[PDB]
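Read the structure below first, then the notes.
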Amino acid sequence: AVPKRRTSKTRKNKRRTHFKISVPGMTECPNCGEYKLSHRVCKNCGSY
Amino acid sequence: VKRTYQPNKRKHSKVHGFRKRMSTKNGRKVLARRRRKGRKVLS
Amino acid sequence: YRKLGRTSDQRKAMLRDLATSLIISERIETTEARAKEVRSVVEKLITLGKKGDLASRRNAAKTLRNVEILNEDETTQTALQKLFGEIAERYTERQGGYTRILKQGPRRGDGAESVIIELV
Amino acid sequence: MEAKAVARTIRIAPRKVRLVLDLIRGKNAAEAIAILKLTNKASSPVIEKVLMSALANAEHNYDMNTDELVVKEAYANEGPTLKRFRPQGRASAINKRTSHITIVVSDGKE
Amino acid sequence: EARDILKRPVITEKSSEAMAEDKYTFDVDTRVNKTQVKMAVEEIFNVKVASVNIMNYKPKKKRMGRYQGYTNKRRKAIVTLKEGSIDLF
RNA sequence: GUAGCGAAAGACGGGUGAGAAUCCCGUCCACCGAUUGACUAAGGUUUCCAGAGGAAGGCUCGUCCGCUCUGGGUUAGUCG
RNA sequence: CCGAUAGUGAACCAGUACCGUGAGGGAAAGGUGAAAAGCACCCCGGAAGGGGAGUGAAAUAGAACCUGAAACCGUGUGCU
């Protein structure tokens, strides 16, 4: 239960495709505040 | 569990030791060797 | 219900001392779920204090603790005294809720989606 | 146009941090700073510190228009790893890595 | 005689706490005794003593940058005199 | 970015500071309970204490440390 | 005759660190610049690190510092 062959870098990065990370929404605060995310109270000038 | 080397200072010095190995010719042979190697340390 | 991964007796003790401290503060910062589930507890509990009977007093004293706020002017009283004489008056109307809560950002030590809880 | 700044031999792997830096590749400072204050790893505040000095440079020295600044480029590469152990009763080893970080930030022009 | 033996007097918090009283401190030769010490200083300083204690000390180890070693042992010593005092600084 | 992160109930507040789950103060709670308790021996050799410090170390963190630096620290006619 | 995997074990901290109950075994570790002339001062940063400035014939000559290969790791890019 250990490697037979070696890991080709092709196969490596190919697997690491969905190894990512996404972001936060990051809207403005028109109800109250500065650019502060969708319905978002103040982390920096926020409303909801 | 018990392993080796339950130290005693005195017993160390006794199977070792200057006054010890200066007793015998076959002891005194080696101190030269430490000195003919220039190992800095004795006993 | 919700388990928390902690154990049952630990959990009961946790929740009750939690609610205690919260009475002392009226609001506090902690994790999310721990507040999510002290929520309904202390809604039941303020529901009790809304009625003032000796029986409710007794039932409260099961859950609450042997504590003393240094009340103002160097004064002193308990969670019990406070609950049955400072608060049920205040929320004497309300028909649910009685609290509110505050999503916040993660914490440093972990990805702790923390929350402040408040009172309403 | 381009200001620059660089973090030297930082106690993180590029495999650890390439991802956090693969987002701002082609963006503005403003959105980017927000993202750094938003998402929760330990890379973030450091990278932010870096940019703040980078634009301290760009402005104190080159005096360019901040909002029109986009990311020119930014990445990192390996560095001087060190080594430690695990007791275990008998021998056992490990390596602590580092990182060489670069950001270049332009007014998107020449 | 009698002056090679006391290499210097000692000063610190505890020393000054002792100089509060008639208890004074020195660091002296390492091969000596209370009695000869007394016999020395009682006539050097022209004073007399009630008592004395002694401790000894091992070399606190030491290191300076790829070159290290030890201190020297110290025959720290104390005297608890009875009359007069000392015009020290 | 896998496996693994060694035994003992923590919670809140207050503080701290650039920065806090991991430091401090507090309240409660909890555990040992012929003991994870206290003593002495050996054995260990200054890890001790007062400060100062993040660099390296600490199996996470780190404003803390048995880490570092500095400075101090062990007192016998009866004890042995 | 060798020129730092050589040459003696050792061109430096060598019979040394280290290992070993014990005899005994036993390492690794050379190269700034002609001149330290070893980056004055500003900016950011908790600092560390930096960007300028300034030095120098030169700083991809910045103290681990002559060049600086390859494995390895990255960023762009034209055709895919």
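Note on naming: chains are A, B, ... as they come in the structure tokens, residues start from 1 per chain, ligands start from 1 in the order shown.
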
I'd like the neighbourhood of range 14-26 of chain G as a compact mmCIF listing (two decimals) with N, CA, C and O atoms, in the first residue's frame, where a residue qualifies if any of its atoms comes within 7 Å (using only C-alpha atoms (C1' of nucleotides)), though same-chain residues fewer than 5 positions away should be ignored.
# COMPACT_ATOMS: atom_id res chain seq x y z
N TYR B 5 22.53 1.09 32.10
CA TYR B 5 23.07 2.37 32.50
C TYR B 5 22.19 3.03 33.56
O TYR B 5 21.48 4.00 33.32
N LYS B 37 47.33 9.11 20.27
CA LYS B 37 46.28 9.66 19.42
C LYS B 37 46.04 11.12 19.70
O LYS B 37 45.45 11.82 18.87
N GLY B 38 46.48 11.59 20.86
CA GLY B 38 46.17 12.93 21.27
C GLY B 38 44.70 13.16 21.50
O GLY B 38 44.24 14.29 21.40
N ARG B 39 43.95 12.09 21.76
CA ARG B 39 42.65 12.26 22.38
C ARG B 39 42.84 13.12 23.61
O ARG B 39 43.77 12.94 24.39

Interface list for chain B, partner chain F, 12 Å threshold, only C-alpha atoms (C1' of nucleotides), as a PyMOL selection string: chain B and resi 5-9

Atom pair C1' of residue 27 in chain F / CA of residue 108 in chain C: separation (Å):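 A separation of 25.8 Å between them.
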
With chain F as the partner and 8 Å as the cut-off, tabulate the residues of chain C that qualify, each row holding the nearest pair of atoms and their distance in Å to one decimal, using only C-alpha atoms (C1' of nucleotides), sorted by chain and rising number, as CSV.
residue,atom,partner,partner_atom,distance
C:10,CA,F:9,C1',6.6
C:13,CA,F:29,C1',7.2
C:14,CA,F:11,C1',6.2
C:17,CA,F:11,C1',6.8
C:18,CA,F:11,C1',6.4
C:21,CA,F:12,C1',5.8
C:22,CA,F:12,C1',7.8
C:25,CA,F:13,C1',8.0
C:67,CA,F:28,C1',7.7
C:109,CA,F:21,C1',6.0

Store the residues picked out above, limited to N, CA and C atoms, as an mmCIF file, in the first residue's frame.
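Listing of out-v2.cif after writing:
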data_model
loop_
_atom_site.group_PDB
_atom_site.id
_atom_site.type_symbol
_atom_site.label_atom_id
_atom_site.label_comp_id
_atom_site.auth_asym_id
_atom_site.auth_seq_id
_atom_site.Cartn_x
_atom_site.Cartn_y
_atom_site.Cartn_z
ATOM 1 N N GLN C 10 -20.715 17.402 30.965
ATOM 2 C CA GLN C 10 -19.934 18.576 30.602
ATOM 3 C C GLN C 10 -20.810 19.605 29.917
ATOM 4 N N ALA C 13 -23.401 21.346 32.216
ATOM 5 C CA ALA C 13 -22.709 22.299 33.074
ATOM 6 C C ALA C 13 -22.270 23.510 32.277
ATOM 7 N N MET C 14 -21.809 23.255 31.061
ATOM 8 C CA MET C 14 -21.374 24.305 30.165
ATOM 9 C C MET C 14 -22.499 25.279 29.917
ATOM 10 N N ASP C 17 -23.594 27.396 33.103
ATOM 11 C CA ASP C 17 -22.669 28.461 33.473
ATOM 12 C C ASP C 17 -22.605 29.524 32.388
ATOM 13 N N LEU C 18 -22.771 29.099 31.143
ATOM 14 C CA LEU C 18 -22.833 30.012 30.020
ATOM 15 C C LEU C 18 -23.956 31.009 30.201
ATOM 16 N N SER C 21 -23.298 33.562 33.135
ATOM 17 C CA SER C 21 -22.430 34.652 32.712
ATOM 18 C C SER C 21 -23.148 35.610 31.787
ATOM 19 N N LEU C 22 -23.974 35.067 30.905
ATOM 20 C CA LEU C 22 -24.675 35.917 29.971
ATOM 21 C C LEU C 22 -25.647 36.806 30.692
ATOM 22 N N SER C 25 -23.735 39.704 31.841
ATOM 23 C CA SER C 25 -23.223 40.605 30.826
ATOM 24 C C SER C 25 -24.286 41.257 29.974
ATOM 25 N N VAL C 67 -24.040 32.468 42.517
ATOM 26 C CA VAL C 67 -23.224 33.543 41.983
ATOM 27 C C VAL C 67 -23.689 34.844 42.604
ATOM 28 N N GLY C 109 -7.091 31.776 16.033
ATOM 29 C CA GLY C 109 -6.697 30.430 16.415
ATOM 30 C C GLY C 109 -7.257 29.329 15.549
#

Atom-to-atom span, CA of residue 5 in chain D and CA of residue 58 in chain D, Å: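 CA of residue 5 in chain D sits 9.6 Å away from CA of residue 58 in chain D.
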
DSSP-assigned helix (DSSP H, G or I) members of range 27-104 of chain C, reported as a PyMOL selection string: chain C and resi 33-49+54-63+79-87

Excluding residue 72 in chain G and residues on its chain fewer than 5 positions from it, collect all residues at most 12 Å away from it, counting only C-alpha atoms (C1' of nucleotides), and give them as a PDB file with N, CA and C atoms, in the first residue's frame.
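Contents of selection_5.pdb, as written:
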ATOM      1  N   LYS A   9       4.751  15.115 -12.743  1.00  0.00           N
ATOM      2  CA  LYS A   9       4.268  16.449 -12.413  1.00  0.00           C
ATOM      3  C   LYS A   9       3.010  16.786 -13.175  1.00  0.00           C
TER       4      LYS A   9
ATOM      5  N   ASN D  77       8.758  32.241  -4.608  1.00  0.00           N
ATOM      6  CA  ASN D  77       9.566  31.099  -4.931  1.00  0.00           C
ATOM      7  C   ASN D  77      10.135  30.565  -3.631  1.00  0.00           C
ATOM      8  N   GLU D  78      10.901  29.499  -3.729  1.00  0.00           N
ATOM      9  CA  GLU D  78      11.369  28.805  -2.546  1.00  0.00           C
ATOM     10  C   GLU D  78      12.396  29.644  -1.803  1.00  0.00           C
TER      11      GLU D  78
END

Residue neighbourhood residue 112 in chain C, 9 Å, only C-alpha atoms (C1' of nucleotides), exclusion window fewer than 6 positions, as a PyMOL selection string: chain C and resi 31-32+105-106

Distance-based interface of chain D with chain C, 10 Å, counting only C-alpha atoms, as a list in words: residues 38, 39, 40, 41 and 42 of chain D

Residue list for chain E near chain F as a VMD selection string, 12 Å, only C-alpha atoms (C1' of nucleotides): chain E and resid 10 to 15 23 25 51 to 64 75 to 80

May I have the selected residues written with C-alpha atoms, as a JSON list (two decimals), in the first residue's frame?
[["chain", "number", "residue", "atom", "x", "y", "z"],
["E", 10, "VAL", "CA", 30.86, 42.00, 46.44],
["E", 11, "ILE", "CA", 27.91, 44.28, 45.72],
["E", 12, "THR", "CA", 24.31, 43.58, 44.74],
["E", 13, "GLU", "CA", 20.78, 43.80, 46.12],
["E", 14, "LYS", "CA", 21.36, 41.13, 48.75],
["E", 15, "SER", "CA", 24.70, 42.68, 49.62],
["E", 23, "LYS", "CA", 26.88, 41.93, 57.37],
["E", 25, "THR", "CA", 30.46, 40.47, 51.62],
["E", 51, "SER", "CA", 30.82, 35.73, 63.03],
["E", 52, "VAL", "CA", 31.24, 34.62, 59.45],
["E", 53, "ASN", "CA", 29.65, 32.22, 57.04],
["E", 54, "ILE", "CA", 30.91, 30.97, 53.72],
["E", 55, "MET", "CA", 29.49, 29.50, 50.62],
["E", 56, "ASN", "CA", 31.19, 28.31, 47.51],
["E", 57, "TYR", "CA", 30.12, 28.42, 43.92],
["E", 58, "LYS", "CA", 30.76, 26.48, 40.79],
["E", 59, "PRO", "CA", 31.59, 28.08, 37.49],
["E", 60, "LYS", "CA", 28.46, 29.34, 35.90],
["E", 61, "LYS", "CA", 28.90, 28.11, 32.38],
["E", 62, "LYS", "CA", 29.30, 30.56, 29.53],
["E", 63, "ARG", "CA", 29.32, 31.02, 25.78],
["E", 64, "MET", "CA", 30.54, 33.69, 23.34],
["E", 75, "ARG", "CA", 34.69, 31.42, 47.53],
["E", 76, "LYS", "CA", 31.97, 33.94, 48.29],
["E", 77, "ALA", "CA", 32.20, 34.93, 51.91],
["E", 78, "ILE", "CA", 30.45, 37.02, 54.50],
["E", 79, "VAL", "CA", 31.19, 38.65, 57.84],
["E", 80, "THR", "CA", 28.89, 39.81, 60.52]]

Contact set, chain G to chain D: 12 Å, only C-alpha atoms (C1' of nucleotides), as a PyMOL selection string: chain G and resi 42-46+48-53+64+72-76

Chain D contacts on chain F, only C-alpha atoms (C1' of nucleotides), 10 Å, as a PDB file with N, CA and C atoms (P, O5', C5', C4', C3', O3' and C1' of nucleotides), in the first residue's frame:
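The file below, selection-v3.pdb, is the result:
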ATOM      1  P     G F   1      -2.046  16.506  -2.675  1.00  0.00           P
ATOM      2  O5'   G F   1      -2.982  17.098  -1.544  1.00  0.00           O
ATOM      3  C5'   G F   1      -2.559  18.240  -0.828  1.00  0.00           C
ATOM      4  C4'   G F   1      -2.198  17.911   0.583  1.00  0.00           C
ATOM      5  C3'   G F   1      -3.273  18.217   1.613  1.00  0.00           C
ATOM      6  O3'   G F   1      -3.128  17.331   2.713  1.00  0.00           O
ATOM      7  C1'   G F   1      -1.386  19.464   2.103  1.00  0.00           C
ATOM      8  P     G F  57      12.659  27.675  14.651  1.00  0.00           P
ATOM      9  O5'   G F  57      12.999  27.067  16.077  1.00  0.00           O
ATOM     10  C5'   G F  57      13.766  25.882  16.191  1.00  0.00           C
ATOM     11  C4'   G F  57      13.822  25.428  17.612  1.00  0.00           C
ATOM     12  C3'   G F  57      12.479  25.123  18.233  1.00  0.00           C
ATOM     13  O3'   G F  57      11.976  23.851  17.875  1.00  0.00           O
ATOM     14  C1'   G F  57      13.688  26.491  19.679  1.00  0.00           C
ATOM     15  P     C F  59       7.763  20.660  22.532  1.00  0.00           P
ATOM     16  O5'   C F  59       7.242  20.041  21.160  1.00  0.00           O
ATOM     17  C5'   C F  59       5.995  20.450  20.613  1.00  0.00           C
ATOM     18  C4'   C F  59       6.049  20.582  19.114  1.00  0.00           C
ATOM     19  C3'   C F  59       4.829  21.246  18.481  1.00  0.00           C
ATOM     20  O3'   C F  59       5.212  22.048  17.368  1.00  0.00           O
ATOM     21  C1'   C F  59       5.092  19.075  17.603  1.00  0.00           C
TER      22        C F  59
END

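Counting from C1' of residue 10 in chain G, the distance to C1' of residue 28 in chain G is 10.7 Å.
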
Residue 19 in chain D surroundings by only C-alpha atoms (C1' of nucleotides), 9 Å radius, close-in-sequence under 5 positions cut, as a list in words: residues 19, 20 and 21 of chain A; 14 of chain D

Selected residues written out with N, CA and C atoms, as a PDB file, in the first residue's frame:
ATOM      1  N   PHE A  19      -8.015  21.961  -6.538  1.00  0.00           N
ATOM      2  CA  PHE A  19      -7.400  22.432  -5.315  1.00  0.00           C
ATOM      3  C   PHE A  19      -7.218  23.925  -5.437  1.00  0.00           C
ATOM      4  N   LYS A  20      -8.222  24.669  -5.004  1.00  0.00           N
ATOM      5  CA  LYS A  20      -8.288  26.101  -5.242  1.00  0.00           C
ATOM      6  C   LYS A  20      -8.856  26.742  -3.993  1.00  0.00           C
ATOM      7  N   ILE A  21      -9.306  27.975  -4.145  1.00  0.00           N
ATOM      8  CA  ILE A  21     -10.046  28.662  -3.102  1.00  0.00           C
ATOM      9  C   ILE A  21     -10.748  29.840  -3.745  1.00  0.00           C
TER      10      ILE A  21
ATOM     11  N   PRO D  14       5.619  27.969  -0.634  1.00  0.00           N
ATOM     12  CA  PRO D  14       4.904  28.437  -1.799  1.00  0.00           C
ATOM     13  C   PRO D  14       3.734  27.560  -2.130  1.00  0.00           C
TER      14      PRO D  14
END

Interface list for chain E, partner chain G, 12 Å threshold, only C-alpha atoms (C1' of nucleotides), as a PyMOL selection string: chain E and resi 65-68
